[PDB]
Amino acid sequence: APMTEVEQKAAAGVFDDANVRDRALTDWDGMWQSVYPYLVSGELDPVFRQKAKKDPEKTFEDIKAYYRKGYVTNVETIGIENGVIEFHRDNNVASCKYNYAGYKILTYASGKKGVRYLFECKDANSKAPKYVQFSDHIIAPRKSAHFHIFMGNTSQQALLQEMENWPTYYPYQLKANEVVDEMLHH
């Protein structure tokens, strides 16, 4: 099902807090690929060129740099199924069963808002991040099309303060051109 007007506005960072709801980890079920490799190859260049073309105060160089810092990660693949998140970091792999920890509504310096969905790995000897936060422009149950994930081992509160790095994941099957297509429209 395509987006209602309330969902479209919420995706653009405009929503009433009263509409925000809990979501289950299953919203992010599936196999996913980091888009960072496509920034590196130059394959996301059309996205940044359109962003630049549309705002004369911006430059390609600066927009790319912002997304470089945003996307950068060595976790190339993430798999989510049956309450478990699996992380593929170069040749290291880790997984853990995550417990839901609620959501947090944020207001950004821009005046736009977003909701993060918080999860915790409750192991001692897990190599997987203790704290994970999903942010995907959705404020109520809906299967994700792509997500940013904040990963940390210190606390949720501390992770909530991270604003510059947000490794970003699209469905594993997509090629670079389909990722670009979605970024330019969806």
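One-based numbering along the sequence shown.
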Item to check | Mean temperature factor over C-alpha atoms, higher-scoring stretch between 41 to 49 and 113 to 121 | outcome: 41 to 49
Item to check | Mean C-alpha temperature factor, higher of 61 to 69 and 122 to 130 | outcome: 122 to 130
Checklist entry - Quick one: which of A94, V75, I80, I105 has the biggest Cα B-factor according to the entry? => result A94
Checklist outcome for this item: For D16, the third of its chain by CA B-factor is the middle
Item to check | Relative C-alpha B-factor of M163, binned into the chain's lowest, middle or highest third | outcome: middle
Next on the checklist: Which third, lowest, middle or highest, does the C-alpha temperature factor of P56 belong to within its own chain?
Outcome noted: highest
Checklist entry - According to the PDB entry, is the CA B factor of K9 in the bottom, middle or top third of its chain, that is, lowest, middle or highest? => result middle
